[PDB]
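Just the structure for this:
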Amino acid sequence: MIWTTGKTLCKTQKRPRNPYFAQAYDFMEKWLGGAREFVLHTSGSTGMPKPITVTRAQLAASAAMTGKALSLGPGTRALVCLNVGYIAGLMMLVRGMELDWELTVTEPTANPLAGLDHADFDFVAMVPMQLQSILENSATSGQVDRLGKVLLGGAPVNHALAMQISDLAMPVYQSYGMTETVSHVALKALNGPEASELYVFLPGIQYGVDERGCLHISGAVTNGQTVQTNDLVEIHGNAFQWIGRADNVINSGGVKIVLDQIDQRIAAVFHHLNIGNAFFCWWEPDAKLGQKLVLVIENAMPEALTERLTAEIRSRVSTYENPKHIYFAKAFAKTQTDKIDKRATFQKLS
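Residues are numbered from 1 along each chain as shown. Let me share the structure:
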(Lines give C-alpha, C1' and ligand atoms only; values in the text may rest on other atoms or scores of the structure.)
Protein backbone atom coordinates (compact mmCIF):
# COMPACT_ATOMS: atom_id res chain seq x y z
CA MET A 1 0.00 0.00 0.00
CA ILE A 2 3.05 2.26 -0.35
CA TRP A 3 5.65 2.86 -3.06
CA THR A 4 8.99 4.37 -1.99
CA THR A 5 10.88 6.52 -4.48
CA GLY A 6 13.32 9.34 -5.10
CA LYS A 7 15.47 11.07 -7.70
CA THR A 8 18.23 8.49 -7.70
CA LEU A 9 15.99 5.61 -6.67
CA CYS A 10 13.85 6.29 -9.77
CA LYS A 11 16.83 5.50 -12.03
CA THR A 12 17.02 1.77 -11.20
CA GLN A 13 13.49 1.20 -9.99
CA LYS A 14 11.10 -0.89 -12.06
CA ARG A 15 7.75 0.54 -13.14
CA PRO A 16 5.11 -0.31 -10.51
CA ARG A 17 2.47 -2.89 -11.43
CA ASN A 18 -0.07 -0.89 -9.43
CA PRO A 19 -1.57 1.53 -11.99
CA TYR A 20 -1.97 4.34 -9.46
CA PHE A 21 1.74 4.30 -8.57
CA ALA A 22 2.70 3.98 -12.23
CA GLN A 23 1.16 7.41 -12.79
CA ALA A 24 3.80 8.74 -10.42
CA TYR A 25 6.63 6.77 -12.01
CA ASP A 26 5.60 7.96 -15.50
CA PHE A 27 5.51 11.58 -14.48
CA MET A 28 8.89 11.27 -12.76
CA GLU A 29 10.48 9.54 -15.73
CA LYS A 30 9.22 12.41 -17.89
CA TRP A 31 10.47 15.08 -15.47
CA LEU A 32 13.97 13.55 -15.33
CA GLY A 33 14.00 13.20 -19.12
CA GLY A 34 14.01 16.99 -19.49
CA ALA A 35 10.54 17.77 -20.86
CA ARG A 36 9.94 21.51 -21.12
CA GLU A 37 6.20 21.21 -20.46
CA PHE A 38 3.58 18.95 -18.90
CA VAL A 39 -0.10 18.20 -19.31
CA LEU A 40 -1.49 17.55 -15.83
CA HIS A 41 -5.10 17.40 -14.53
CA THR A 42 -7.37 19.43 -12.25
CA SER A 43 -11.13 19.54 -11.49
CA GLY A 44 -13.24 21.75 -13.79
CA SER A 45 -16.35 23.78 -12.93
CA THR A 46 -18.46 20.60 -13.14
CA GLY A 47 -16.17 18.65 -10.82
CA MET A 48 -14.82 16.51 -13.70
CA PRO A 49 -11.12 16.23 -14.71
CA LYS A 50 -9.62 18.70 -17.13
CA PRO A 51 -6.13 18.95 -18.61
CA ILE A 52 -3.92 21.97 -17.96
CA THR A 53 -0.46 22.50 -19.37
CA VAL A 54 2.33 23.84 -17.19
CA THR A 55 5.93 24.55 -18.06
CA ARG A 56 8.96 22.91 -16.48
CA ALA A 57 10.13 26.35 -15.34
CA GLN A 58 6.82 26.92 -13.52
CA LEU A 59 6.98 23.66 -11.61
CA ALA A 60 10.65 24.15 -10.72
CA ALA A 61 10.04 27.68 -9.44
CA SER A 62 7.12 26.48 -7.32
CA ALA A 63 9.10 23.61 -5.78
CA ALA A 64 12.02 25.93 -5.00
CA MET A 65 9.72 28.34 -3.09
CA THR A 66 8.31 25.58 -0.94
CA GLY A 67 11.76 24.24 -0.11
CA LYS A 68 13.04 27.65 0.97
CA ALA A 69 9.94 28.83 2.85
CA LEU A 70 9.61 25.61 4.87
CA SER A 71 13.34 24.73 5.08
CA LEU A 72 12.89 21.30 3.53
CA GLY A 73 16.36 20.37 2.30
CA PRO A 74 17.93 17.12 1.06
CA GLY A 75 16.94 14.00 3.00
CA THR A 76 13.48 15.36 3.85
CA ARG A 77 11.19 12.36 4.44
CA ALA A 78 7.97 13.34 2.70
CA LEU A 79 4.65 11.48 2.69
CA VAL A 80 2.70 11.81 -0.57
CA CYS A 81 -1.00 11.25 0.25
CA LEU A 82 -2.54 13.61 -2.28
CA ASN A 83 -3.92 12.11 -5.49
CA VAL A 84 -1.01 11.92 -7.95
CA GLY A 85 -3.57 11.64 -10.71
CA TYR A 86 -3.91 15.39 -10.08
CA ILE A 87 -1.69 18.47 -9.79
CA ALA A 88 -1.74 18.63 -5.99
CA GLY A 89 -0.13 15.20 -5.74
CA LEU A 90 2.18 15.69 -8.71
CA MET A 91 3.65 18.80 -7.01
CA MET A 92 4.87 16.59 -4.16
CA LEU A 93 6.86 14.58 -6.75
CA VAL A 94 8.36 17.71 -8.31
CA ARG A 95 9.44 19.03 -4.90
CA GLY A 96 10.82 15.58 -4.13
CA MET A 97 12.95 15.50 -7.27
CA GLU A 98 14.03 19.13 -7.18
CA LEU A 99 14.85 19.12 -3.46
CA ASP A 100 16.18 15.54 -3.11
CA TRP A 101 13.51 14.21 -0.78
CA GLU A 102 12.74 10.62 0.05
CA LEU A 103 9.17 10.19 -1.21
CA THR A 104 6.73 7.77 0.40
CA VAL A 105 3.78 7.52 -1.93
CA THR A 106 0.51 6.15 -0.58
CA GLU A 107 -2.95 5.70 -2.11
CA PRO A 108 -4.96 8.81 -1.40
CA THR A 109 -7.47 8.13 1.39
CA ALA A 110 -9.09 10.09 4.23
CA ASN A 111 -6.51 8.84 6.71
CA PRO A 112 -2.95 8.77 5.30
CA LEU A 113 -1.54 7.26 8.53
CA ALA A 114 -4.14 4.53 8.87
CA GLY A 115 -2.40 1.95 6.71
CA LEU A 116 1.22 2.38 7.74
CA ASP A 117 2.76 2.05 11.18
CA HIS A 118 6.29 3.16 11.95
CA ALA A 119 5.26 6.34 10.17
CA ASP A 120 8.00 8.93 10.61
CA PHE A 121 8.08 11.95 8.29
CA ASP A 122 9.55 15.43 8.05
CA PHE A 123 6.86 16.82 5.82
CA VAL A 124 3.41 16.06 4.49
CA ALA A 125 0.93 18.02 2.38
CA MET A 126 -2.72 17.17 2.82
CA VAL A 127 -6.27 18.50 2.85
CA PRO A 128 -7.85 19.60 6.14
CA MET A 129 -10.22 16.64 6.25
CA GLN A 130 -7.23 14.30 6.14
CA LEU A 131 -5.72 15.90 9.24
CA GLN A 132 -9.06 15.86 11.03
CA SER A 133 -9.42 12.15 10.20
CA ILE A 134 -6.02 11.34 11.66
CA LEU A 135 -6.98 13.28 14.81
CA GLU A 136 -10.36 11.55 15.20
CA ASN A 137 -9.22 7.99 14.63
CA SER A 138 -7.79 6.86 17.97
CA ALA A 139 -5.58 4.35 16.19
CA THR A 140 -3.78 7.23 14.46
CA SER A 141 -4.42 10.25 16.67
CA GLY A 142 -1.50 9.38 18.93
CA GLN A 143 0.85 9.47 15.95
CA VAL A 144 -0.25 12.78 14.41
CA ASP A 145 3.13 14.33 15.30
CA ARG A 146 4.94 11.69 13.20
CA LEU A 147 3.86 13.90 10.28
CA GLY A 148 6.71 16.27 11.25
CA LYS A 149 5.30 19.42 9.67
CA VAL A 150 2.00 19.79 7.82
CA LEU A 151 1.01 21.93 4.86
CA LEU A 152 -2.76 22.10 4.38
CA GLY A 153 -4.46 22.87 1.06
CA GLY A 154 -8.23 23.16 0.34
CA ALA A 155 -10.65 25.61 2.03
CA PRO A 156 -9.58 27.55 5.16
CA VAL A 157 -9.84 25.24 8.16
CA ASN A 158 -13.07 25.25 10.18
CA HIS A 159 -13.23 26.43 13.81
CA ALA A 160 -13.11 22.98 15.47
CA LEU A 161 -10.13 21.83 13.40
CA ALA A 162 -8.42 25.19 13.96
CA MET A 163 -8.78 24.71 17.74
CA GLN A 164 -7.25 21.20 17.49
CA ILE A 165 -4.33 22.43 15.38
CA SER A 166 -3.62 25.19 17.92
CA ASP A 167 -2.86 22.51 20.48
CA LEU A 168 -0.45 20.44 18.37
CA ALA A 169 3.26 20.66 19.17
CA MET A 170 3.97 20.58 15.43
CA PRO A 171 4.23 23.30 12.74
CA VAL A 172 1.05 23.47 10.64
CA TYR A 173 0.54 25.89 7.73
CA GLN A 174 -2.19 26.53 5.18
CA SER A 175 -1.60 27.50 1.53
CA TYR A 176 -3.12 30.31 -0.46
CA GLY A 177 -2.90 29.63 -4.19
CA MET A 178 -4.72 28.71 -7.38
CA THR A 179 -4.11 26.58 -10.49
CA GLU A 180 -2.96 29.73 -12.37
CA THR A 181 -0.09 29.99 -9.88
CA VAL A 182 0.54 26.24 -10.16
CA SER A 183 0.43 25.87 -6.38
CA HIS A 184 0.76 28.21 -3.40
CA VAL A 185 1.96 31.85 -3.50
CA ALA A 186 1.53 32.47 0.24
CA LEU A 187 1.35 30.63 3.59
CA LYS A 188 -0.66 31.10 6.80
CA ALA A 189 0.72 29.86 10.13
CA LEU A 190 -2.03 27.98 11.96
CA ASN A 191 -0.25 27.42 15.29
CA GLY A 192 2.82 28.41 17.30
CA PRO A 193 3.43 31.92 18.60
CA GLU A 194 3.28 33.36 15.05
CA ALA A 195 -0.21 31.96 14.32
CA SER A 196 -2.41 34.52 12.59
CA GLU A 197 -4.84 35.41 9.84
CA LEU A 198 -2.06 36.72 7.58
CA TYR A 199 -0.91 34.85 4.51
CA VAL A 200 2.82 35.57 4.11
CA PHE A 201 3.97 35.80 0.48
CA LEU A 202 6.45 33.15 -0.67
CA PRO A 203 9.80 34.47 -1.93
CA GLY A 204 9.88 35.41 -5.62
CA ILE A 205 6.24 36.44 -5.69
CA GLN A 206 5.52 40.03 -6.73
CA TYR A 207 2.22 41.34 -5.34
CA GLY A 208 -0.08 44.37 -5.24
CA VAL A 209 -3.74 45.36 -5.58
CA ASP A 210 -5.76 46.79 -8.46
CA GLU A 211 -8.06 49.81 -8.14
CA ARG A 212 -10.68 47.70 -6.34
CA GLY A 213 -8.23 46.63 -3.66
CA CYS A 214 -8.10 43.07 -5.05
CA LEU A 215 -4.91 41.01 -4.94
CA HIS A 216 -2.83 40.41 -8.02
CA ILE A 217 0.31 38.28 -8.13
CA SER A 218 3.09 37.43 -10.57
CA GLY A 219 6.34 35.44 -10.59
CA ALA A 220 8.23 32.65 -12.33
CA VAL A 221 5.31 30.46 -11.23
CA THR A 222 3.04 32.52 -13.51
CA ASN A 223 5.50 32.81 -16.42
CA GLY A 224 5.92 36.43 -15.35
CA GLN A 225 2.33 37.26 -16.23
CA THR A 226 0.32 38.97 -13.53
CA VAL A 227 -2.76 37.14 -12.28
CA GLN A 228 -5.62 39.32 -11.04
CA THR A 229 -7.78 37.74 -8.32
CA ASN A 230 -11.19 38.92 -7.18
CA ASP A 231 -10.04 38.65 -3.55
CA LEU A 232 -10.35 41.92 -1.62
CA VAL A 233 -7.27 42.07 0.64
CA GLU A 234 -5.25 44.35 2.87
CA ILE A 235 -1.51 44.08 2.33
CA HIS A 236 0.79 44.45 5.37
CA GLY A 237 4.45 44.37 4.41
CA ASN A 238 5.18 41.01 2.75
CA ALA A 239 1.85 39.44 3.76
CA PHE A 240 -1.87 39.99 3.35
CA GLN A 241 -5.14 39.63 5.11
CA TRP A 242 -8.13 38.41 3.14
CA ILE A 243 -11.08 40.80 3.60
CA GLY A 244 -13.76 39.54 1.19
CA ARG A 245 -15.17 40.11 -2.32
CA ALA A 246 -14.86 43.62 -3.75
CA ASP A 247 -18.51 44.37 -4.50
CA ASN A 248 -19.69 42.95 -1.19
CA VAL A 249 -17.70 45.21 1.18
CA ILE A 250 -17.95 48.97 1.57
CA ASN A 251 -15.89 51.47 3.53
CA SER A 252 -17.99 53.98 5.46
CA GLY A 253 -15.97 56.42 7.57
CA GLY A 254 -13.12 53.89 7.76
CA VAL A 255 -15.47 51.18 9.02
CA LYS A 256 -15.67 48.15 6.69
CA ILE A 257 -19.19 46.76 6.29
CA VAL A 258 -20.11 43.50 4.55
CA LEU A 259 -23.38 44.04 2.66
CA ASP A 260 -24.84 40.54 2.97
CA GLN A 261 -24.04 40.51 6.70
CA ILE A 262 -25.84 43.77 7.35
CA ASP A 263 -28.67 42.41 5.16
CA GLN A 264 -29.02 39.35 7.43
CA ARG A 265 -29.24 41.64 10.47
CA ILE A 266 -31.95 43.77 8.86
CA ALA A 267 -33.77 40.62 7.70
CA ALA A 268 -34.30 39.58 11.33
CA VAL A 269 -35.92 42.99 11.85
CA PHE A 270 -38.25 42.61 8.85
CA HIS A 271 -39.26 39.09 9.92
CA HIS A 272 -39.89 40.35 13.46
CA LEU A 273 -42.18 43.09 12.10
CA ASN A 274 -43.79 40.83 9.48
CA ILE A 275 -42.72 42.99 6.54
CA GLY A 276 -42.99 40.99 3.33
CA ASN A 277 -41.49 43.69 1.13
CA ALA A 278 -38.26 42.66 -0.56
CA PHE A 279 -35.23 44.77 0.30
CA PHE A 280 -31.47 45.01 -0.06
CA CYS A 281 -28.77 47.07 1.55
CA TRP A 282 -26.68 49.09 -0.86
CA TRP A 283 -24.46 52.17 -0.87
CA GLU A 284 -23.82 55.48 -2.51
CA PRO A 285 -20.86 57.82 -2.84
CA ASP A 286 -20.61 60.26 0.07
CA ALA A 287 -18.05 63.05 0.46
CA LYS A 288 -17.84 62.58 4.23
CA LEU A 289 -18.00 58.81 4.62
CA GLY A 290 -16.64 57.67 1.24
CA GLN A 291 -19.41 55.12 0.85
CA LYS A 292 -22.75 55.61 2.63
CA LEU A 293 -24.78 52.53 3.50
CA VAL A 294 -28.41 52.78 2.39
CA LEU A 295 -31.51 50.60 2.40
CA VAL A 296 -33.69 49.87 -0.64
CA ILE A 297 -37.22 48.47 -0.22
CA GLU A 298 -39.69 47.27 -2.88
CA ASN A 299 -43.14 48.92 -2.84
CA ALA A 300 -44.09 51.78 -0.51
CA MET A 301 -44.91 51.20 3.16
CA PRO A 302 -47.16 53.20 5.52
CA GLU A 303 -45.34 55.96 7.42
CA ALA A 304 -46.17 54.24 10.72
CA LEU A 305 -44.52 50.94 9.77
CA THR A 306 -41.56 52.77 8.24
CA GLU A 307 -41.05 54.50 11.61
CA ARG A 308 -41.22 51.20 13.51
CA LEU A 309 -38.77 49.74 11.01
CA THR A 310 -36.32 52.61 11.28
CA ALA A 311 -36.36 52.52 15.09
CA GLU A 312 -36.02 48.73 15.40
CA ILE A 313 -33.03 48.75 13.02
CA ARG A 314 -31.34 51.54 14.93
CA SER A 315 -31.69 49.52 18.17
CA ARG A 316 -30.02 46.43 16.70
CA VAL A 317 -26.89 47.97 15.12
CA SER A 318 -24.37 50.73 15.78
CA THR A 319 -25.12 54.13 14.29
CA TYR A 320 -22.02 53.53 12.16
CA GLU A 321 -23.62 50.41 10.56
CA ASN A 322 -27.17 51.80 10.33
CA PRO A 323 -28.48 52.57 6.79
CA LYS A 324 -28.40 56.39 6.43
CA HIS A 325 -31.36 56.54 4.08
CA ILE A 326 -34.23 54.32 3.05
CA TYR A 327 -35.18 54.37 -0.62
CA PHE A 328 -38.46 52.92 -1.86
CA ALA A 329 -38.71 51.50 -5.38
CA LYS A 330 -41.97 50.71 -7.17
CA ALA A 331 -40.42 47.56 -8.65
CA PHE A 332 -36.96 46.01 -8.38
CA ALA A 333 -35.15 45.49 -11.68
CA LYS A 334 -34.57 41.84 -12.45
CA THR A 335 -31.96 39.95 -14.46
CA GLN A 336 -32.77 37.25 -17.01
CA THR A 337 -32.35 34.68 -14.26
CA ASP A 338 -34.97 36.53 -12.14
CA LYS A 339 -32.43 37.89 -9.70
CA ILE A 340 -32.58 41.44 -8.36
CA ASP A 341 -30.35 43.62 -10.48
CA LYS A 342 -29.32 45.78 -7.52
CA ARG A 343 -27.08 48.11 -9.53
CA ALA A 344 -29.78 48.75 -12.16
CA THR A 345 -32.43 49.13 -9.46
CA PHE A 346 -30.33 51.80 -7.75
CA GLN A 347 -29.63 53.88 -10.88
CA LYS A 348 -33.35 53.91 -11.64
CA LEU A 349 -34.04 55.54 -8.27
CA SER A 350 -32.75 58.70 -9.98
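
And the helices in the chain?
19-33, 56-69, 87-99, 128-136, 159-166, 259-273, 303-316, 342-348 (DSSP state H).

According to the record, where do the domains of the protein fall?
2-245, 246-350 (curated CATH domains).

Single out the most deeply packed of the ones you listed.
Among the domains of the chain, the stretch with the highest mean neighbour count (mean count of other Cβ atoms under 10 Å) is domain 2-245, at a mean of 17. For the C-beta atoms, the positions are set from N, CA and C on the backbone; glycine is no exception.

First-to-last residue distance for that domain?
End-to-end distance of domain 2-245 (Cα to Cα, to the nearest Å): 42 Å.

Please apply the same query to stretch 74-87.
22 Å.

what do you get for stretch 209-217?
End-to-end span of stretch 209-217 (Cα to Cα): 9 Å.

Could you check how far it is from the centre of its chain?
Here stretch 209-217 shows a centroid-to-chain-centroid distance of 16 Å under the convention Cα atoms, centre = their mean, to the nearest Å.

Please enumerate residues in contact with it?
181, 185, 201, 205-208, 226-235, 240, 243, 246 (Cβ atoms under 8 Å, 6 or more residues apart in numbering).

repeat for stretch 80-88
The contact list for stretch 80-88, computed with Cβ under 8 Å, 6+ apart, reads 20, 23-24, 27, 40-43, 49, 52, 54, 89-90, 92-93, 96, 103-106, 108-109, 112, 124-127, 130, 153, 179, 182-183.

Out of the contacts of stretch 209-217, name the ones that lie in strands.
185, 201, 206-208, 227-235, 240, 243 (DSSP state E).

Widest-spaced pair of these?
For those, with distances taken as Cβ to Cβ, the pair at the greatest spread is 206 and 243 (20.4 Å).

and of the ones in strands among the contacts of stretch 209-217, the nearest to residue 320?
Checking those against residue 320 with Cβ to Cβ, the nearest one is residue 243 at 17.5 Å.

could you check the distance from that closest one over to residue 120?
Distance check for residue 243 against residue 120: by Cβ to Cβ, to the nearest Å, it reads 40 Å.

nearest spatial neighbour of residue 220, skipping sequence neighbours?
residue 61 (3.5 Å; Cβ to Cβ, 6 or more residues apart in numbering).

contacting residues for the one you found?
182, 204, 219, 220, 221.

The same query, at a cut-off of 10 Å, please.
Applying Cβ atoms under 10 Å, 6 or more residues apart in numbering to residue 61 gives the contacts 55, 98, 182, 183, 202, 204, 205, 219, 220, 221, 222, 223.

Can you measure across stretch 191-208, start residue to end residue?
27 Å.

so how far is it from its chain's centroid?
13 Å.

now stretch 57-77
21 Å.

Hmm, residue 323 is touching residue 250, no?
No - at 11.5 Å, residue 323 does not count as touching residue 250 under the criterion of Cβ atoms under 10 Å.

residues shared between the contacts of those two?
By Cβ under 10 Å, 6+ apart, residue 323 and residue 250 have these common neighbours: 262, 281, 282, 283, 292, 293.

wait, the third one sits on residue 332?
I take that to be residue 282. No - Residue 282 is beyond contact range of residue 332, at 11.3 Å (criterion: Cβ under 10 Å).

if I pick residue 274, what's in contact with it?
So residue 274 contacts residue 305 (Cβ under 10 Å, 6+ apart).

what about it, distance to residue 77?
64 Å.

for residue 185, same thing?
For residue 185, the distance to residue 77 equals 26 Å [Cβ to Cβ].

ditto for residue 265
51 Å.

And residue 198, by the same measure?
Where residue 77 is concerned, residue 198 sits at a distance of 29 Å (Cβ to Cβ).

same deal with residue 41?
Taking Cβ to Cβ, one finds residue 41 at 27 Å from residue 77.

And for residue 223?
Per Cβ to Cβ, residue 223 is found 32 Å from residue 77.

bridging residues for the closest residue to residue 186 other than its chain neighbours?
Leaving aside its sequence neighbours, residue 186 sits nearest to residue 199 (Cβ to Cβ, 6+ apart; 3.8 Å). Under DSSP bridges, the beta-bridge partners of residue 199 are residue 188, residue 240.

Need the shared contacts of residue 323 and residue 250 in JSON lines (columns: distance to residue 71).
Converted to JSON lines, the shared contacts of residue 323 and residue 250 look like this (distance: Cβ to Cβ, whole Å):
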{"residue": "262", "distance to residue 71": "44"}
{"residue": "281", "distance to residue 71": "47"}
{"residue": "282", "distance to residue 71": "49"}
{"residue": "283", "distance to residue 71": "46"}
{"residue": "292", "distance to residue 71": "49"}
{"residue": "293", "distance to residue 71": "47"}
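
For those, name the two members farthest from one another.
Pairwise distances across these (Cβ to Cβ) peak at 12.7 Å, for the pair 262 and 292.

Find the residues that touch each one of those two.
Taking Cβ under 10 Å, 6+ apart as the criterion, residue 262 and residue 292 both touch 250, 323.

If anything else comes up later, I'll come back, but that's it for now.
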